[PDB]
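Below, in structure tokens: the form deposited in one PDB entry, a single chain.
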């Protein structure tokens, strides 16, 4: 599935981009910048809110582009990896 591979790579690149942005512009530790990016694009949300106007505008754009990529990856992960794995693990052998 080349669609799954592309969504995987773009999701990785997206989370790297957010990690770099929030550590640089919002001053977060990289691990906190990564956490922020993940919980934002999965729509879980965080206690942390961007403090700068640049962070706020970026996050708006990051949200609209990133949700579609991340949930596209999550759907393909479920269908192509997790579902076949569960089915295989339910087979009596």
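Positions refer to the first chain, counted from 1. We call the rigid core the largest set of C-alpha positions that still match within 1.5 Å between the two forms.
Inset, instruction - Look over 56-64 and 40-48 in the entry and identify the one with the greater average Cα temperature factor. - result: Looking at the record's C-alpha B-factors, the answer is 40-48.
Legend entry - Segment of higher mean CA temperature factor, 77-85 or 19-27: So the stretch with the higher mean C-alpha B-factor is 77-85.
Legend entry - residue 12 - which third its CA temperature factor falls in, relative to the rest of the chain: Its C-alpha B-factor, which the entry lists for residue 12, ranks in the highest third among residues of this chain.
Omitted here: the form deposited in another entry. The next part is about that form.
Legend entry - Only residue that shifts (Cα, 2 Å or more, rigid core superposed) between this form and the one not shown, among 10, 74, 25, 16: Everything else stays below 2 Å; the exception is 74.
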